[PDB]
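K.L.:
There's a structure below that I have some questions on.
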Amino acid sequence: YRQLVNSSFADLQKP
Amino acid sequence: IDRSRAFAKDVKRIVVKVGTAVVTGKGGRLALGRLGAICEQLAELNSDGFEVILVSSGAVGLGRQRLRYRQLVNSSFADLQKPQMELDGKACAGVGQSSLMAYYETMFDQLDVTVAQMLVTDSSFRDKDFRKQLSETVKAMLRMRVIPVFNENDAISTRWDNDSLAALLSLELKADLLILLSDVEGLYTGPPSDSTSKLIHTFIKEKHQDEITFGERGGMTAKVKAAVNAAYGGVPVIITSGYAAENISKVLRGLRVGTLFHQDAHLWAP
Amino acid sequence: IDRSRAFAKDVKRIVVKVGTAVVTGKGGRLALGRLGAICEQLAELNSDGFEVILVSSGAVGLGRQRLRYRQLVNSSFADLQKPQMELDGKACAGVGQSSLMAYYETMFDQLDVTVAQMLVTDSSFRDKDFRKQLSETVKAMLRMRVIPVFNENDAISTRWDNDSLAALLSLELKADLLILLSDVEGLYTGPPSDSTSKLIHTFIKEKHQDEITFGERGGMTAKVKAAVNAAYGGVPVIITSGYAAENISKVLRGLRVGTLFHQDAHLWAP
Amino acid sequence: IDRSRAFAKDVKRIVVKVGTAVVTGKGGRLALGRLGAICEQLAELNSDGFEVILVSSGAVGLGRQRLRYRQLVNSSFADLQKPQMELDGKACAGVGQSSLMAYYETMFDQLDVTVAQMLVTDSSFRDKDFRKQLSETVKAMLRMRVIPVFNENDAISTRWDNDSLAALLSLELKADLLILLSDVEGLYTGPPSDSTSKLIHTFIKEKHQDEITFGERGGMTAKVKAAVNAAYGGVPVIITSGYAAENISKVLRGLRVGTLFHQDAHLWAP
Amino acid sequence: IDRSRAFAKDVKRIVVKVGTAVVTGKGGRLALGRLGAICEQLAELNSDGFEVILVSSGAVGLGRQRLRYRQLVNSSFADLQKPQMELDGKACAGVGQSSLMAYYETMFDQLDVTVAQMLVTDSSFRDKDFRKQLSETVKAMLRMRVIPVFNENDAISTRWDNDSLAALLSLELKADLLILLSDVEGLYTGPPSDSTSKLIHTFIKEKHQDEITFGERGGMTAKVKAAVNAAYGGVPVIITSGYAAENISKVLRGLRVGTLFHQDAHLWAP
Amino acid sequence: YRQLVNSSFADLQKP
Amino acid sequence: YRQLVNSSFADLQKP
Amino acid sequence: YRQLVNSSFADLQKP
Ligand SMILES: Nc1ncnc2c1ncn2[C@@H]1O[C@H](COP(=O)(O)OP(=O)(O)O)[C@@H](O)[C@H]1O
Ligand SMILES: Nc1ncnc2c1ncn2[C@@H]1O[C@H](COP(=O)(O)OP(=O)(O)O)[C@@H](O)[C@H]1O
Ligand SMILES: Nc1ncnc2c1ncn2[C@@H]1O[C@H](COP(=O)(O)OP(=O)(O)O)[C@@H](O)[C@H]1O
Ligand SMILES: Nc1ncnc2c1ncn2[C@@H]1O[C@H](COP(=O)(O)OP(=O)(O)O)[C@@H](O)[C@H]1O
Ligand SMILES: N[C@H](CCC(=O)OP(=O)(O)O)C(=O)O
Ligand SMILES: N[C@H](CCC(=O)OP(=O)(O)O)C(=O)O
Ligand SMILES: N[C@H](CCC(=O)OP(=O)(O)O)C(=O)O
Ligand SMILES: N[C@H](CCC(=O)OP(=O)(O)O)C(=O)O
Ligand SMILES: [Mg+2]
Ligand SMILES: [Mg+2]
Ligand SMILES: [Mg+2]
Ligand SMILES: [Mg+2]
């Protein structure tokens, strides 16, 4: 969850 | 047809300006239908032997929409809690100009019309050679059946709205008509909201200048200034709503619509 | 990896220039494949944390193609016997800039990249305020992950090629690398045609300047001048063929390809 | 709000059909403004939580325009004296479908909406498995916030208009509303030209079927047939002019506009 | 020029197939440069008096990319922790076909070429009338200097790859050459990875069929099957890498590149 | 024929 | 924060 | 002139 809360939306797009 | 619009029978070169309230719609996105109908009307005019010149606007807003999207795409959820910084205006215009030009080119290709982009700054107009060369280039482009689309280069400026730029080009190019497409049906003696303000049909500098009570880029005060400038200079000025594209054809058909600015209206005063 | 290209490990902001021999192909039409591969490489670089700046060219040629088509469409058969007059150059650039910008915007949208158009004239660079404000705007756009695409506004000029403009922007913006994409594999001691000319890998101002024998906008003499300017100024310069898009990644990977212009090459002299 | 349109408060899945008299304008070219306003309205509806399905048309006409242009471009002046042969219809549809799909995709990308193209022939509807699988696929696409755009594959047919296809899909997909965008304000008891024909607001199969006197793909007889089919089946049907895009929002707001086909109108008979 | 490719001097109607490994590049996005060079080559061939037919592919992948983007745009952060469901394939193809067709139309308009979209399912080929009518329509389109672009309608199928569809169309249309653009330089006696596999130049059904050891839509086994089918049928088959667009011109120039499938190779056996 | 020899290609496009 | 953690990216785009 | 009267518009486009 920490990683997600510190990701940029674009990052979520890339595996 | 009233003689107040008798000049509509011999108008050959016209200048059309579209404000940001016309090109951009909800949420800062492009008003597809409105802007598309305007382009259809312009292509129809160009086919019938008219040489038109379009001064558009809407670069800043589109730019802002796109840049905000990019910011949100790149942001990190932990950053959507704190408030975001307010975007750079010149970058916004730089993006919006490219987007608007691509969109215009797409639908003018769809209508089988060739268009050219001319971005001019205020500082460039201080040279006589620049004005002469611009007149030559625009004359050549108009002779080649191409619609010039001007604007102010905001991305590179070091700072006079498009309305004033429109008047300038119409006077420098000796155009026969200047049309200002706004979001309102025309000039009003007061705010359009109240019922105590009526629709003008002919502007009289001596009379009509005092009783107008404007509200608190440039709003309508600027528009009026630019129009009066163009008129005095020699080019009639017409203000009409850009929400209905058929307003252009009706204006060119002599139909009495919109607000007019003619120096000869002193004699044509009813 | 030779130490002559050791700077490729810390290059962050780069400037890429594409000549007209790269953007335009047969018949003055757009080189779709070449230009598309270049854009793919640029988008890949932008994703990996680089801030790139593209100075393109090809406006004049595309414009000419389109305007010639329009002339032929409007001509009357009785006019195809007599010879046609030669098109206006500034109108040509005005049309070509819009077409090129729309095309660039289309495929950068396809690659999910936001781009902005900045057209700057020579006369605008005589103000210190202009340079400061341009640096601020470009810094903001690069921080917002947007690729600026510059060029010279030919449509409005009153006349320094893009090569010189590239060098200027790279020195004013303190970029870490300047890449000149040409149609040849790189600088040569003579004409590329003969077999007596070999491929340089490092340019030495003291040595290599005399024996070069160039042929009879700006060709390669101008390119060399601009490169040496940028180098002396502080920004390394790389010249490589734009026909293979993977040349960009190879250059950024430290691979020894193309011609280099570094002031430190005096110490790095082999 | 009259209770005759009380169903407009719970309509969730709707089907919108645009006729060739709406998509195509003068000279067989695309009606940019009209079609753009329709797309803007559809995107606005899609944002507000509606799942819409568009069945369009205009492939044949656009195709014909483009193919005629190509024929004229390739013709030899000595061939413009003799009369040209009349173009193949299926080739015309094949070109027009691609052009229309590209144009739709362009402006739905502009409005930030994803669209999908589904071309279905009459012969494919004779399999139960096909209908089940189509329902599953369309349900998935609607759940994914994507607007399906159907049509008949004319390019490959071996031959039921879009109106009938619309009714079919609306009944197979259990849509809550079927809107038929035509060029007229709605159904009429006679030809719209004369002043002896008045505007219907609710269609009664028992009563209103006899006194209607239609003139001499499918015109309005077909439209009425398809509408009555959809109604009987269970899906209300609304016929309204496609010239004003705000008609869609007004219909979805419960405003009494257009012609309605409800089986419950027997009880709602005034 | 070896006599094994002597047929290249009289080939007039050709069929070109592009696999998904050619049209789609990194991340499921469109391979702009590769696909653009292919289109440039096809337009050049079309200008020189050839009638080409393109069977493309890449709908499913593009569709998937776009739909994934839409899912991520609509998702709620609380949903990015749990694993997302796997997308519907037919919806994916439905979106991808539209996107690919729009992209193809854009750059074929850029190259001044008219294209048409033909989507055909397997179930439609069970009627003799369908084949006759398809041959007539394709003949008319080819005579009108238009490039047909076929594919399988996946969005509506109830399920034979494009390779097999290519062979089918090439045999039904009596084309003079069938080119299969793959990601590899051609057929190999084994996997391309190891150094023990060499490049074939002519395929012999009697000899070469046994020693080939393929690995574990359709891969290369299917490709070979389809090629042998087309050959036996009468239409030579050429397999070559689609990464270099000049391979097409080299093949049409008689240069010995790629893998060939000719029934006459029994006599032309070296 | 005179009309044709004095038409502009665009004109041929319009009836 | 709860609202954000329960918003869809698109929602963040609209004020 | 004969050549012109027997050319296709496209041909005129190419030198
Ligand atoms: N006296 C007036 N008559 C008409 N409109 C006025 C008046 N005073 C203010 N306005 C307002 O000015 C607006 C148009 O100015 P502006 O917004 O600058 O045009 P645009 O931005 O579209 O170029 C109108 O929407 C109108 O409400
Ligand atoms: N000494 C040299 N070494 C390499 N190329 C040279 C030399 N002298 C002249 N050239 C020519 O200059 C050309 C590149 O200059 P230019 O045409 O101005 O680039 P572009 O127009 O693509 O920006 C090359 O095609 C090359 O043949
Ligand atoms: N009784 C009627 N009421 C209304 N319209 C009618 C009637 N009879 C014929 N029409 C004509 O039918 C036309 C609409 O049918 P059609 O052309 O098939 O729609 P589209 O082609 O736009 O799908 C209208 O333009 C209208 O003039
Ligand atoms: N004997 C073989 N010779 C060549 N390629 C082979 C062989 N066996 C398997 N392949 C593989 O098959 C692939 C091409 O098949 P395929 O992926 O179906 O093409 P596409 O998907 O591009 O249409 C090549 O990448 C190649 O590595
Ligand atoms: N740069 C231009 C400025 C135009 C302008 O300020 O005038 P207006 O938007 O009031 O017509 C733009 O915003 O698009
Ligand atoms: N106006 C620009 C000039 C660019 C220029 O002259 O430099 P080059 O075309 O040699 O790279 C154009 O032609 O596109
Ligand atoms: N192939 C479709 C047929 C559609 C059709 O015939 O119905 P209509 O054009 O009357 O709405 C087209 O013409 O675009
Ligand atoms: N629907 C088509 C299927 C094509 C296909 O499976 O063949 P291949 O992708 O192996 O060339 C697509 O995926 O684009
Ligand atoms: Mg203003
Ligand atoms: Mg040069
Ligand atoms: Mg009908
Ligand atoms: Mg396969």
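Starting from 1 in every chain, residues are counted up; chains themselves are A, B, ... following the order of the structure tokens, and ligands are numbered from 1 as listed.
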Extract, using only C-alpha atoms, all DNA, RNA and protein residues at most 9 Å from residue 188 (chain B), discarding same-chain residues fewer than 4 positions from it, and format them as a ChimeraX atom specification.
P.N.:
/B:192,197-200,212-214,259
K.L.:
Given a cut-off of 10 Å, what residues near ligand 1 show up using only C-alpha atoms and all ligand atoms, put as a count of residues only?
P.N.:
49
K.L.:
At most 12 Å is the cut-off: for each residue in chain G with any atom that close to an atom of chain D, write down the nearest atom pair and the distance in Å rounded to one decimal, counting only C-alpha atoms, chain first then increasing number, as CSV.
P.N.:
```
residue,atom,partner,partner_atom,distance
G:10,CA,D:47,CA,10.1
G:11,CA,D:47,CA,10.6
G:14,CA,D:47,CA,11.1
```
K.L.:
Might you pull out every residue within 12 Å of residue 43 (chain D), with only C-alpha atoms counted and same-chain residues fewer than 3 positions away left off, and present them as a JSON list (two decimals) with N, CA, C and O atoms, in the first residue's frame?
P.N.:
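Below you can see part-v1.json, which holds the result:
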```json
[["chain", "number", "residue", "atom", "x", "y", "z"],
["B", 26, "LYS", "N", -17.29, 23.68, -22.37],
["B", 26, "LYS", "CA", -17.32, 23.22, -20.99],
["B", 26, "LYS", "C", -15.96, 22.64, -20.61],
["B", 26, "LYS", "O", -15.31, 21.98, -21.42],
["B", 29, "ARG", "N", -12.52, 22.43, -22.66],
["B", 29, "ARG", "CA", -12.37, 21.63, -23.86],
["B", 29, "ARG", "C", -12.86, 22.42, -25.08],
["B", 29, "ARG", "O", -13.51, 23.46, -24.97],
["B", 32, "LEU", "N", -16.69, 21.62, -30.04],
["B", 32, "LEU", "CA", -16.60, 20.95, -31.33],
["B", 32, "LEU", "C", -17.67, 21.44, -32.29],
["B", 32, "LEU", "O", -17.37, 21.86, -33.41],
["D", 36, "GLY", "N", -20.64, 17.09, -34.76],
["D", 36, "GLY", "CA", -19.79, 17.45, -33.64],
["D", 36, "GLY", "C", -20.60, 17.79, -32.40],
["D", 36, "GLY", "O", -20.26, 17.38, -31.29],
["D", 37, "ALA", "N", -21.70, 18.53, -32.58],
["D", 37, "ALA", "CA", -22.58, 18.81, -31.45],
["D", 37, "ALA", "C", -23.22, 17.53, -30.93],
["D", 37, "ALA", "O", -23.38, 17.35, -29.71],
["D", 38, "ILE", "N", -23.60, 16.62, -31.84],
["D", 38, "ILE", "CA", -24.15, 15.33, -31.41],
["D", 38, "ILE", "C", -23.13, 14.57, -30.56],
["D", 38, "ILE", "O", -23.47, 14.01, -29.52],
["D", 39, "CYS", "N", -21.88, 14.54, -31.01],
["D", 39, "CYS", "CA", -20.84, 13.84, -30.26],
["D", 39, "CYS", "C", -20.58, 14.49, -28.91],
["D", 39, "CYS", "O", -20.33, 13.80, -27.92],
["D", 40, "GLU", "N", -20.62, 15.82, -28.86],
["D", 40, "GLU", "CA", -20.48, 16.51, -27.59],
["D", 40, "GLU", "C", -21.59, 16.12, -26.63],
["D", 40, "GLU", "O", -21.33, 15.83, -25.45],
["D", 46, "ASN", "N", -22.43, 10.30, -21.54],
["D", 46, "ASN", "CA", -21.59, 9.21, -21.07],
["D", 46, "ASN", "C", -20.91, 9.55, -19.76],
["D", 46, "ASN", "O", -20.73, 8.69, -18.90],
["D", 47, "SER", "N", -20.51, 10.82, -19.59],
["D", 47, "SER", "CA", -19.88, 11.23, -18.34],
["D", 47, "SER", "C", -20.85, 11.10, -17.17],
["D", 47, "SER", "O", -20.45, 10.70, -16.07],
["D", 48, "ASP", "N", -22.12, 11.42, -17.38],
["D", 48, "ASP", "CA", -23.11, 11.46, -16.31],
["D", 48, "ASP", "C", -23.64, 10.09, -15.92],
["D", 48, "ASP", "O", -24.66, 10.02, -15.23],
["D", 49, "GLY", "N", -22.98, 9.01, -16.33],
["D", 49, "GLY", "CA", -23.37, 7.68, -15.90],
["D", 49, "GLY", "C", -24.29, 6.92, -16.83],
["D", 49, "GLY", "O", -24.83, 5.89, -16.42],
["D", 50, "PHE", "N", -24.48, 7.39, -18.06],
["D", 50, "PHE", "CA", -25.29, 6.68, -19.03],
["D", 50, "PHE", "C", -24.40, 5.79, -19.89],
["D", 50, "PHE", "O", -23.25, 6.12, -20.19],
["D", 51, "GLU", "N", -24.95, 4.64, -20.29],
["D", 51, "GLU", "CA", -24.31, 3.78, -21.28],
["D", 51, "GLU", "C", -25.10, 3.93, -22.57],
["D", 51, "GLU", "O", -26.21, 3.39, -22.70],
["D", 52, "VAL", "N", -24.47, 4.59, -23.55],
["D", 52, "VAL", "CA", -25.10, 4.83, -24.84],
["D", 52, "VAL", "C", -24.58, 3.94, -25.94],
["D", 52, "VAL", "O", -23.47, 3.45, -25.86],
["D", 53, "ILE", "N", -25.39, 3.70, -26.97],
["D", 53, "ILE", "CA", -24.98, 2.89, -28.10],
["D", 53, "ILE", "C", -25.35, 3.64, -29.35],
["D", 53, "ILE", "O", -26.51, 3.99, -29.52],
["D", 54, "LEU", "N", -24.41, 3.92, -30.23],
["D", 54, "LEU", "CA", -24.71, 4.71, -31.41],
["D", 54, "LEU", "C", -24.74, 3.86, -32.65],
["D", 54, "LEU", "O", -23.81, 3.11, -32.88],
["D", 104, "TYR", "N", -15.06, 9.85, -36.41],
["D", 104, "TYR", "CA", -15.66, 9.63, -35.10],
["D", 104, "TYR", "C", -14.60, 9.41, -34.04],
["D", 104, "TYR", "O", -14.68, 9.96, -32.94],
["D", 107, "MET", "N", -12.80, 12.80, -33.02],
["D", 107, "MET", "CA", -13.45, 13.73, -32.09],
["D", 107, "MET", "C", -13.89, 13.06, -30.78],
["D", 107, "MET", "O", -14.03, 13.74, -29.76],
["D", 108, "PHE", "N", -14.05, 11.74, -30.76],
["D", 108, "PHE", "CA", -14.26, 11.11, -29.46],
["D", 108, "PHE", "C", -12.98, 11.03, -28.65],
["D", 108, "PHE", "O", -13.04, 11.03, -27.41],
["D", 109, "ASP", "N", -11.81, 10.97, -29.30],
["D", 109, "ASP", "CA", -10.56, 11.16, -28.58],
["D", 109, "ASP", "C", -10.46, 12.59, -28.08],
["D", 109, "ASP", "O", -10.01, 12.84, -26.95],
["D", 110, "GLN", "N", -10.89, 13.55, -28.90],
["D", 110, "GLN", "CA", -10.89, 14.95, -28.48],
["D", 110, "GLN", "C", -11.75, 15.16, -27.23],
["D", 110, "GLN", "O", -11.38, 15.94, -26.35],
["D", 111, "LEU", "N", -12.88, 14.48, -27.14],
["D", 111, "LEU", "CA", -13.75, 14.58, -25.98],
["D", 111, "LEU", "C", -13.38, 13.61, -24.87],
["D", 111, "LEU", "O", -14.09, 13.54, -23.86],
["D", 112, "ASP", "N", -12.28, 12.86, -25.03],
["D", 112, "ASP", "CA", -11.82, 11.87, -24.06],
["D", 112, "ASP", "C", -12.94, 10.85, -23.83],
["D", 112, "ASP", "O", -13.62, 10.81, -22.80],
["D", 113, "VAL", "N", -13.19, 10.09, -24.90],
["D", 113, "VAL", "CA", -14.15, 9.00, -24.90],
["D", 113, "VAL", "C", -13.60, 7.90, -25.80],
["D", 113, "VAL", "O", -13.09, 8.17, -26.89],
["D", 114, "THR", "N", -13.69, 6.66, -25.34],
["D", 114, "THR", "CA", -13.25, 5.51, -26.12],
["D", 114, "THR", "C", -14.44, 4.90, -26.85],
["D", 114, "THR", "O", -15.51, 4.71, -26.26],
["D", 115, "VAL", "N", -14.25, 4.60, -28.13],
["D", 115, "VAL", "CA", -15.32, 4.07, -28.97],
["D", 115, "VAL", "C", -14.84, 2.80, -29.64],
["D", 115, "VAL", "O", -13.64, 2.58, -29.84],
["D", 145, "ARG", "N", -17.27, 1.57, -19.89],
["D", 145, "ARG", "CA", -17.44, 2.98, -20.26],
["D", 145, "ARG", "C", -16.94, 3.25, -21.67],
["D", 145, "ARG", "O", -16.19, 4.20, -21.91],
["D", 146, "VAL", "N", -17.36, 2.42, -22.62],
["D", 146, "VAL", "CA", -17.00, 2.56, -24.03],
["D", 146, "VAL", "C", -18.27, 2.63, -24.85],
["D", 146, "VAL", "O", -19.20, 1.84, -24.64],
["D", 147, "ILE", "N", -18.32, 3.54, -25.82],
["D", 147, "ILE", "CA", -19.50, 3.70, -26.68],
["D", 147, "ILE", "C", -19.43, 2.86, -27.94],
["D", 147, "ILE", "O", -18.68, 3.19, -28.84],
["D", 245, "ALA", "N", -28.62, 19.55, -31.24],
["D", 245, "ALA", "CA", -28.09, 18.53, -30.35],
["D", 245, "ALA", "C", -28.70, 18.59, -28.96],
["D", 245, "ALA", "O", -28.75, 17.57, -28.27],
["D", 248, "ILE", "N", -31.40, 15.99, -27.37],
["D", 248, "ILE", "CA", -31.12, 14.78, -26.61],
["D", 248, "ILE", "C", -31.26, 15.05, -25.11],
["D", 248, "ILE", "O", -31.94, 14.30, -24.39],
["D", 249, "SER", "N", -30.63, 16.12, -24.63],
["D", 249, "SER", "CA", -30.72, 16.45, -23.21],
["D", 249, "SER", "C", -32.16, 16.78, -22.82],
["D", 249, "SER", "O", -32.62, 16.38, -21.74]]
```
K.L.:
For a test of reading the model, state the distance in Å between CA of residue 2 (chain B) and CA of residue 240 (chain B), rounded to one decimal.
P.N.:
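Atom-to-atom, CA of residue 2 (chain B) to CA of residue 240 (chain B), that is 17.6 Å.
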K.L.:
Of the candidates C:173, C:45, C:73, C:55, which one gets nearest to chain D if we count only C-alpha atoms?
P.N.:
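Smallest distance to chain D is found for C:73.
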K.L.:
Using DSSP secondary structure from the backbone, list all alpha helix (DSSP H) positions within chain G, as a PyMOL selection string.
P.N.:
chain G and resi 2-5+9-13
K.L.:
Selection from above, N, CA, C and O atoms, as an mmCIF file, in the first residue's frame, can you write it?
P.N.:
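Below you can see again-v2.cif, which holds the result:
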```
data_model
loop_
_atom_site.group_PDB
_atom_site.id
_atom_site.type_symbol
_atom_site.label_atom_id
_atom_site.label_comp_id
_atom_site.auth_asym_id
_atom_site.auth_seq_id
_atom_site.Cartn_x
_atom_site.Cartn_y
_atom_site.Cartn_z
ATOM 1 N N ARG G 2 -9.803 9.955 3.076
ATOM 2 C CA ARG G 2 -10.684 8.843 2.766
ATOM 3 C C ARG G 2 -11.293 9.085 1.405
ATOM 4 O O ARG G 2 -11.344 8.183 0.582
ATOM 5 N N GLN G 3 -11.732 10.310 1.152
ATOM 6 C CA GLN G 3 -12.371 10.613 -0.115
ATOM 7 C C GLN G 3 -11.410 10.334 -1.249
ATOM 8 O O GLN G 3 -11.764 9.690 -2.218
ATOM 9 N N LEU G 4 -10.182 10.809 -1.119
ATOM 10 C CA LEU G 4 -9.190 10.561 -2.146
ATOM 11 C C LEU G 4 -8.972 9.063 -2.352
ATOM 12 O O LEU G 4 -9.003 8.584 -3.481
ATOM 13 N N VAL G 5 -8.771 8.318 -1.275
ATOM 14 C CA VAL G 5 -8.499 6.901 -1.417
ATOM 15 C C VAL G 5 -9.694 6.176 -2.016
ATOM 16 O O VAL G 5 -9.599 5.003 -2.371
ATOM 17 N N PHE G 9 -9.499 8.132 -10.617
ATOM 18 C CA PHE G 9 -8.597 9.158 -11.158
ATOM 19 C C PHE G 9 -9.347 10.224 -11.934
ATOM 20 O O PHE G 9 -9.093 11.420 -11.794
ATOM 21 N N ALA G 10 -10.296 9.802 -12.737
ATOM 22 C CA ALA G 10 -11.065 10.755 -13.488
ATOM 23 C C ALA G 10 -11.666 11.744 -12.526
ATOM 24 O O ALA G 10 -11.669 12.940 -12.788
ATOM 25 N N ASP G 11 -12.168 11.267 -11.393
ATOM 26 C CA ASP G 11 -12.836 12.158 -10.445
ATOM 27 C C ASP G 11 -11.898 13.251 -9.987
ATOM 28 O O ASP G 11 -12.298 14.398 -9.851
ATOM 29 N N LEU G 12 -10.642 12.900 -9.764
ATOM 30 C CA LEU G 12 -9.666 13.883 -9.335
ATOM 31 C C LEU G 12 -9.580 14.982 -10.372
ATOM 32 O O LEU G 12 -9.301 16.130 -10.039
ATOM 33 N N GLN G 13 -9.813 14.633 -11.631
ATOM 34 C CA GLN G 13 -9.712 15.624 -12.696
ATOM 35 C C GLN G 13 -10.810 16.664 -12.554
ATOM 36 O O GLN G 13 -10.578 17.845 -12.801
#
```
K.L.:
Tell me which protein, DNA and RNA residues are within 10 Å of residue 6 (chain C), counting only C-alpha atoms, leaving out same-chain ones fewer than 5 positions away, and put them as a list in words.
P.N.:
residues 1, 11, 253, 254 and 255 of chain C
